[PDB]
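Below you'll find the structure, written out as C-alpha cells, and then a few comments.
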Amino acid sequence: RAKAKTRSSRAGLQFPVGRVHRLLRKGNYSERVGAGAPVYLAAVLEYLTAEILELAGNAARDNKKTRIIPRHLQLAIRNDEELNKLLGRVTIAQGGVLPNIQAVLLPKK
Amino acid sequence: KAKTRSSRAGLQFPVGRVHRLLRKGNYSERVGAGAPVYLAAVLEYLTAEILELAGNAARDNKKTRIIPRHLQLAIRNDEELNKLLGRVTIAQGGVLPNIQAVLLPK
Amino acid sequence: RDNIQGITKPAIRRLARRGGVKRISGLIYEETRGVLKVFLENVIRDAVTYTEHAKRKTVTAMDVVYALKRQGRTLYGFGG
Amino acid sequence: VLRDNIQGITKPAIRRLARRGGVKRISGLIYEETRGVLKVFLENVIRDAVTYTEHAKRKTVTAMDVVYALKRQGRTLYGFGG
Amino acid sequence: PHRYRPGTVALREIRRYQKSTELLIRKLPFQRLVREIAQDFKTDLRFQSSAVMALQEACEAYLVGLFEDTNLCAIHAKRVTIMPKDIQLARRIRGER
Amino acid sequence: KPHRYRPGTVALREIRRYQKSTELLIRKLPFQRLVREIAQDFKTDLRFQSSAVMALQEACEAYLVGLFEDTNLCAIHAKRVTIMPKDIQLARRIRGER
Amino acid sequence: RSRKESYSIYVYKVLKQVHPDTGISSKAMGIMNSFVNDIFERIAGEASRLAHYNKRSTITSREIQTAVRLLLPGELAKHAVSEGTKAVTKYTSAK
Amino acid sequence: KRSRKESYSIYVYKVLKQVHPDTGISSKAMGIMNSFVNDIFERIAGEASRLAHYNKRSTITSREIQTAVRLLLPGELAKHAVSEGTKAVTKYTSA
DNA sequence: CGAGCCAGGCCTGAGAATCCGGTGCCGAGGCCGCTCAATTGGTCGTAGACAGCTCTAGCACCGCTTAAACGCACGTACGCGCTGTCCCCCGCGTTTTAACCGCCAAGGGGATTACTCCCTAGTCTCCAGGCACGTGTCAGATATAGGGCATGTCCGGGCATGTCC
DNA sequence: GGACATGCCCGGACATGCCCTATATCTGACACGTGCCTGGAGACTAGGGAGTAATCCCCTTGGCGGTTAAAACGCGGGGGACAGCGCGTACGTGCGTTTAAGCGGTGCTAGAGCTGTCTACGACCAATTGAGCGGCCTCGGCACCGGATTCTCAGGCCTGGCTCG
C-alpha cells in the first residue's frame, strides 16, 4: 500500500482539501462535485488569509504589539480599499473605529 | 379517471407543477406532501389580493383591462405590498403622482 | 415600563461621541430611544421566531446571529 | 469603434429624468456628474452581463443575462424574464 | 408678448412626465454608449433589443430615484436648486460612494 | 478663578478617547432589562443567553455609531455642527429605513 | 414546439374567481409571472435554510409556515396561515 | 467529550506559520477568521451552484468556481487567485 | 522734565502623551488520547463536449419625417455671504445609585442515545392539460373637435393720513 | 378739531392655452380551440431519517452587597442654530435650426437553439488509519497599577515708551 500523503501537500496548500470538499459536498449545493473545486477554494481562502495576516501584522508592529488582536484586524481590513470593499457590511467585534476627524471640527487660529 | 390534488383541495394553482419546481430546484432530498399545497394556497391568496387592488385601480381609471401602470399603483398604494416589494422595480409602472408640500405655490 | 430610562443620557452621549458628533441636541435622546426600540423589536421578533421553531425556551447567541444576518448586518464573534 | 458618443446623453434628457423624479430646478453643472454616474452604473452591469455571456460559451448578450446581472446587484428588474 | 412666470412651466412638465410612462432617454445614444463601454471589456459584442431596453429601463429608474433623493436633500437644506454636492451627498449616504 | 476649557476642547478630547478604544459604552444590565421587557411583548416568560445579550449589545452600538456618523455628515452638509431630530429623520429616510 | 413553464391558465382562473369581468395584457402577465416566481423562490429558499439549520432533511408544512410568518407582514401572514391551515386540513381529510 | 465540531483553526495556524513564523493568534481573532472563511465559502459555493444551474449544468466543475471567484473578488485579487488555482490544479492533475 | 499706568515680552508654574517599570494572570499553543471520515480501490450510471443541422434576428444599410437638442437672449429667485439674536447644550461640580464582580443554589431543557415507524425516492404504467400554432375580435393609441377654467391682469371699494377753515 | 378729497392697497371681475370630455378607426395584441406527449397521478417497496422516551449537567435563572465609576441634576456661558437682507449670477423660459431620433423594408450569416454518442467523470460501498478534535499545563504576552518625564500652554515680573501736569 502506498504511503498516504495529503492533497493539501500535493497542492502546496495549507487549507484541508478533504475537509473543504466534505463541507462543499454536504452543504446541499449539488449532487456531483469536481476534484478541482476544493483546490480552488482552499487556494483562495489561504491567499486571503495571508493578505489579511500581512496587514494585521504590519499594524501590530506599528503598535509594537506581538500578538494579533481584533483591533489590529479591524485596522488592517479598513486600511485596505479592496478588503474594506469586500467586507463593507461586516462588523468586527472589539474592533473599534478608524481615528478620523472631519476638517471642519478642527479648531482654527 | 384521474383527479388532481388541487381539485380535491379547491385551489387554482397546480399542486403538481409547484411540486416539480420545488423538487427540481435542488432544495432538499425529500419533500412533504403538504408543503406544495400550502405554498400554492399562499400564492393564490397573494395573486387574489394584487388582482383585487389592480382591478380597483383600473376601475378608478375607467379602464376595463389592467395595465402595468395599474399594477404599480396597486403595489405602491398598499402599505404591506409596498413593504413586501420595497426593492422591486416594475417595468412601465411609472411613479405615484406625489408632490412635496413645500414645492407647491403659495 | 420604566426601563426605557435605563438607556441613560450620558450613554447616548457616549455612543454619539463614538459616532463623531461634537454637539447633541436635547431632543436627540428621545429620538435615539425610539430608533433603538424599533430596531430591537425587529431583531427580537426574528430571534424569538427562530427559538420557537427549534422548540426551545431560551434565546441563544446563534439565534441572535441568524436574526442579525437576515436583517442585513452580519455580526462576527459569537459563532457561525 | 464608436468614439465620443458620450455627448449623445443630452442635457434635456437628464432634465426630463429629473422631472420624473420630482426635481423642479436643475443646475447646469449637474449634467457632467450625472453623465459620470451613468457611466459608472453601466461599467458594473456590463461586466457582470458579459461575464455571464462569456461563461455560457456565448458571445451575444441576452436579456436573461442582463436580468440576472441586475438581480445580483440588488436592482432586480421585472418584465424581461425570471 | 405673453411670458409665463418662472416655476409654472417646470411644475407643468413635472406633472406631465410623472403622469405618463413613455421612456425619456433616447434609445440610439444609449445603445451607442452601451457599445462603447462594452468594447473596452470584451470585443465585438452583440446585444439583444430587449437587452438594451432592459438597460434603459434600469438606468432611467435609477436616475429618477437619485434625483428624487437629491431634491429631498436640497429642500432639506432650504434649497430648490440641485447642486453637485447634493448628488455627492445622496450617493455617499446611499452607500455607493 | 478655576480653570475652564472653552466649549469644544473637551468634546474633541473625548472624541479621540472613545475612537481610540473599543470597550462597550452602553450599560449591560439596563439594556438587558429593556430587552426582556420588549421581548415579553412578543412571547411571555422568554429566556436569554448571556452571549445573546452581548451580541445584541454589540450590534446596537455599531448601528448607533454608524447612524450618528451619517447624521454628523448630513449636519455638516448644512453648514451646521449640532445634530437635531430632523437630521436623524433625514439620515434614516435616505438610508431607506423609513 | 418548445414547452415552457407559466401559470397563465391558473392566474386567469383566480382572476375570474375574484373579478370575472377584467382582462390582462402581456406586459402585466409578465409582471405577474415574475412576481409569482420571485415569491416562490424567496419562500422556498427561506424554508430550505430553516430546515437545514435545525438538521431537517425533509420539507414539511411547519417550516413552510414559519417561513411564511417571517416573510409576510401581519395581516397578510395571519390570513395566509389561516387559509393554508384550512386548505391542508380539508385535503388531509379528503386524502 | 462533546460532539465533533469542525473548525479550521489548525489550517489557519499552519498558513500563519508559513507567512509569519513568529506570530500568534487570539481566540477572538480566530473566531473572526473562521467567520470570514465560512462567509467566503458560502458566497463562492452558492454563486457557483447558481451559475451551474443557469446553464443547465448538473455537474460541479472548476470553470464555474473560477468564474465565481472572478465575479466576487476584485481585479488583482482575482488574477492572483486564478493563477494560484490553475497552477495548483494542473500540478495536482500531474500526480 | 518728573511722575504715572499699562502693553508687551520673556522666564518660571502646569493637564495629557513620552514611555518606563513592575507584577500578576489566564488562556492559547503544545502534547496526548480517541475517533471518525477521506483515501484507495473498484464498478456503473450519466451527461455534456463535440458535431451537425436549423432557423432568428442583429447588424448594417437606405430612405424619410419630424420632434428634440443647442445656442442665444433675457429676466429673475435664491445660495452664499453677512449681521444680529438667543438659547440651550458643554463642561464642571455635587449627590446618588445601581453595574459589576464576587459568590452561591437550584432547576430545566439541549443535546445525546436508543427504539420504532411511516413517508417519500424510486420505478412502473397510463392519461390529461398546457403550450406553439392558429385565428377571431375588440379596447386603447391616434386623431380631431368642443367646454370650461387657471392665470397674470385690471378695476372698484375701503382704509389711511395730509390739508384747509 | 371737523370736514374733504384722493393715493394706495387688496379682494373681486377678465382673454389665451391647458386640462378635461366625446367619439370614429383599426389593429395588433389579447382571448380562445387543438394535438399530444411528457410530466402528473395511482400503486408497491424500502429504509433511513424523523417522532418519542429517559438523563444530565451545564447553562441559565435567582439572590446580597459594596462601592465606585457612572448617572442625575444645578448652573454659567458662548458659539452655533435660526431669522432677516443684499446680490448677482447662474438657471428658468421662449424661439430658430439642424441634428439626429424614430419608423419601414431587406440582407444573411454569425450565432443561438435542438439532437446523436459515448467515454471520462463522478456517485456509491468496504477497511483503514492518521489527521482532527476534546482535555490539561503552563508561561509569556497581555492586562492593571504605580512612577518619572516632557510639552504646548498660561501667568507673573520686569522693561520700555507714551501721556499728563
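In the C-alpha cells, the first chain shown is A, the next is B, and so on; residue numbers restart at 1 for each chain, and ligands run from 1 in the order shown.
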Just need the residues of chain I within 12 Å of chain G, counting only C-alpha atoms (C1' of nucleotides), so spit them out as a list in words.
->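 Taken together, these residues fit the definition: residues 119, 120, 121, 129, 130, 131, 132, 133, 138, 139 and 140 of chain I.
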Considering only C-alpha atoms (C1' of nucleotides), return as a CSV table (one decimal) with N, CA, C and O atoms, in the first residue's frame whatever protein or nucleic-acid residues lie within 10 Å of residue 57 (chain B), sequence-local ones (same chain, fewer than 6 positions apart) excluded.
chain,number,residue,atom,x,y,z
B,51,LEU,N,-54.6,41.2,-7.7
B,51,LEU,CA,-55.6,41.5,-8.8
B,51,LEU,C,-56.8,42.3,-8.3
B,51,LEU,O,-57.3,43.1,-9.0
B,63,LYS,N,-60.9,52.1,-16.8
B,63,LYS,CA,-60.3,51.1,-17.6
B,63,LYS,C,-60.9,49.7,-17.3
B,63,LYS,O,-61.0,49.4,-16.1
B,66,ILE,N,-56.5,45.7,-16.9
B,66,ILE,CA,-55.4,46.1,-16.1
B,66,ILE,C,-54.2,46.3,-16.9
B,66,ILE,O,-53.9,45.4,-17.8
B,67,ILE,N,-53.4,47.3,-16.7
B,67,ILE,CA,-52.2,47.6,-17.4
B,67,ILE,C,-51.1,47.7,-16.3
B,67,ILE,O,-51.3,47.7,-15.1
B,69,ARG,N,-49.3,50.1,-15.4
B,69,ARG,CA,-49.5,51.3,-14.5
B,69,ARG,C,-50.4,51.0,-13.3
B,69,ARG,O,-50.1,51.4,-12.2
B,70,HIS,N,-51.5,50.3,-13.6
B,70,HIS,CA,-52.4,50.0,-12.5
B,70,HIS,C,-51.8,49.0,-11.5
B,70,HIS,O,-52.0,49.1,-10.3
B,71,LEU,N,-50.9,48.1,-12.0
B,71,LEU,CA,-50.2,47.2,-11.1
B,71,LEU,C,-49.2,48.0,-10.2
B,71,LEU,O,-49.1,47.8,-9.0
B,72,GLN,N,-48.6,49.0,-10.8
B,72,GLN,CA,-47.7,49.9,-10.0
B,72,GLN,C,-48.5,50.7,-8.9
B,72,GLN,O,-48.0,50.8,-7.8
B,73,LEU,N,-49.6,51.2,-9.3
B,73,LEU,CA,-50.4,51.9,-8.3
B,73,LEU,C,-50.9,51.0,-7.2
B,73,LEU,O,-50.8,51.4,-6.0
B,74,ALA,N,-51.3,49.8,-7.6
B,74,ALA,CA,-51.7,48.8,-6.6
B,74,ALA,C,-50.6,48.5,-5.6
B,74,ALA,O,-50.8,48.5,-4.4
B,77,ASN,N,-49.5,51.8,-3.5
B,77,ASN,CA,-50.5,52.4,-2.6
B,77,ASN,C,-50.8,51.5,-1.4
B,77,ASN,O,-51.1,52.1,-0.3
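The spacing separating CA of residue 50 (chain H) from CA of residue 48 (chain A) amounts to 23.3 Å.
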Who sits within 10 Å of residue 95 (chain J), only C-alpha atoms (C1' of nucleotides), same chain under 2 positions skipped, as a ChimeraX atom specification = /I:72-73 /J:97
Within 8 Å of region 98-100 of chain A using only C-alpha atoms (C1' of nucleotides), minus same-chain residues under 5 positions, as a VMD selection string | (chain A and resid 75 78) or (chain F and resid 16 19 to 20)
Using N, CA and C atoms, can you export the residues from the last selection as a CSV table (one decimal), in the first residue's frame?
chain,number,residue,atom,x,y,z
A,75,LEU,N,-8.3,47.4,11.9
A,75,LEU,CA,-7.5,48.4,11.3
A,75,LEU,C,-7.0,47.8,9.9
A,78,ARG,N,-9.9,47.8,7.4
A,78,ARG,CA,-10.4,49.1,6.9
A,78,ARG,C,-9.3,49.9,6.2
F,16,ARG,N,-11.4,61.7,20.6
F,16,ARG,CA,-10.2,60.9,20.5
F,16,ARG,C,-10.2,59.7,21.5
F,19,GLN,N,-12.8,57.1,20.3
F,19,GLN,CA,-12.5,56.5,19.0
F,19,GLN,C,-11.2,55.7,19.0
F,20,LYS,N,-10.3,55.9,20.0
F,20,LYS,CA,-9.1,55.1,20.1
F,20,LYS,C,-9.4,53.7,20.7
Close residues, region 17-22 of chain B itself excluded, 9 Å, only C-alpha atoms (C1' of nucleotides), min 3 positions apart in chain, as a list in words | residues 13, 14, 25, 26, 27, 28, 31, 33, 35, 36, 37, 39 and 40 of chain B; 5, 40, 41 and 44 of chain G; 39 and 40 of chain J
Next, write the just-selected residues to a file, as an mmCIF file, in the first residue's frame, keeping N, CA and C atoms (P, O5', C5', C4', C3', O3' and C1' of nucleotides) as the atom set.
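Listed below is the output, part_4.cif:
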data_model
loop_
_atom_site.group_PDB
_atom_site.id
_atom_site.type_symbol
_atom_site.label_atom_id
_atom_site.label_comp_id
_atom_site.auth_asym_id
_atom_site.auth_seq_id
_atom_site.Cartn_x
_atom_site.Cartn_y
_atom_site.Cartn_z
ATOM 1 N N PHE B 13 -53.989 27.111 -8.321
ATOM 2 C CA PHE B 13 -52.642 26.800 -8.767
ATOM 3 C C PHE B 13 -52.398 25.294 -8.723
ATOM 4 N N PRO B 14 -51.595 24.772 -9.654
ATOM 5 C CA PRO B 14 -51.419 23.317 -9.783
ATOM 6 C C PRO B 14 -50.451 22.782 -8.737
ATOM 7 N N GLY B 25 -35.434 22.055 -8.072
ATOM 8 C CA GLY B 25 -34.566 23.183 -7.836
ATOM 9 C C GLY B 25 -33.345 22.870 -7.000
ATOM 10 N N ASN B 26 -33.140 21.601 -6.639
ATOM 11 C CA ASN B 26 -32.053 21.188 -5.753
ATOM 12 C C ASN B 26 -32.149 21.888 -4.398
ATOM 13 N N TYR B 27 -33.335 21.809 -3.791
ATOM 14 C CA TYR B 27 -33.600 22.419 -2.491
ATOM 15 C C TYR B 27 -33.507 21.439 -1.329
ATOM 16 N N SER B 28 -34.045 20.230 -1.471
ATOM 17 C CA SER B 28 -33.962 19.247 -0.399
ATOM 18 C C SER B 28 -34.142 17.852 -0.977
ATOM 19 N N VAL B 31 -39.370 15.767 0.132
ATOM 20 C CA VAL B 31 -40.350 16.847 0.116
ATOM 21 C C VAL B 31 -41.681 16.326 0.648
ATOM 22 N N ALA B 33 -45.797 16.193 1.452
ATOM 23 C CA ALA B 33 -46.962 16.303 0.580
ATOM 24 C C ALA B 33 -47.742 17.592 0.812
ATOM 25 N N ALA B 35 -46.488 20.612 1.845
ATOM 26 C CA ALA B 35 -45.758 21.846 1.575
ATOM 27 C C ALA B 35 -46.145 22.490 0.249
ATOM 28 N N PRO B 36 -46.206 21.772 -0.883
ATOM 29 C CA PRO B 36 -46.592 22.456 -2.125
ATOM 30 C C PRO B 36 -48.046 22.881 -2.141
ATOM 31 N N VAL B 37 -48.915 22.186 -1.409
ATOM 32 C CA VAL B 37 -50.311 22.602 -1.307
ATOM 33 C C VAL B 37 -50.399 23.930 -0.570
ATOM 34 N N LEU B 39 -48.000 26.148 -0.157
ATOM 35 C CA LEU B 39 -47.382 27.171 -0.998
ATOM 36 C C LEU B 39 -48.340 27.628 -2.090
ATOM 37 N N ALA B 40 -49.016 26.689 -2.748
ATOM 38 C CA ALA B 40 -49.958 27.097 -3.781
ATOM 39 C C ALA B 40 -51.057 27.960 -3.179
ATOM 40 N N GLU G 5 -42.770 27.066 -19.072
ATOM 41 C CA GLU G 5 -43.402 26.942 -17.765
ATOM 42 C C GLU G 5 -44.017 28.284 -17.395
ATOM 43 N N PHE G 40 -42.161 32.630 -4.900
ATOM 44 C CA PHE G 40 -41.845 31.211 -4.772
ATOM 45 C C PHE G 40 -40.394 31.002 -4.365
ATOM 46 N N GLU G 41 -39.466 31.605 -5.108
ATOM 47 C CA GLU G 41 -38.051 31.435 -4.801
ATOM 48 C C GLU G 41 -37.723 31.899 -3.387
ATOM 49 N N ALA G 44 -39.451 29.362 -0.739
ATOM 50 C CA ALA G 44 -38.813 28.052 -0.771
ATOM 51 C C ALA G 44 -37.384 28.114 -0.247
ATOM 52 P P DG J 39 -40.869 15.936 -18.877
ATOM 53 O "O5'" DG J 39 -41.635 16.372 -17.542
ATOM 54 C "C5'" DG J 39 -42.407 17.565 -17.539
ATOM 55 C "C4'" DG J 39 -43.812 17.315 -17.017
ATOM 56 C "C3'" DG J 39 -43.895 16.898 -15.547
ATOM 57 O "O3'" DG J 39 -45.003 17.572 -14.918
ATOM 58 C "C1'" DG J 39 -44.986 15.307 -16.882
ATOM 59 P P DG J 40 -45.100 17.679 -13.315
ATOM 60 O "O5'" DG J 40 -46.505 16.996 -12.964
ATOM 61 C "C5'" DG J 40 -47.714 17.607 -13.393
ATOM 62 C "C4'" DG J 40 -48.877 16.652 -13.249
ATOM 63 C "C3'" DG J 40 -49.070 16.066 -11.848
ATOM 64 O "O3'" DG J 40 -50.450 15.963 -11.552
ATOM 65 C "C1'" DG J 40 -48.753 14.329 -13.400
#
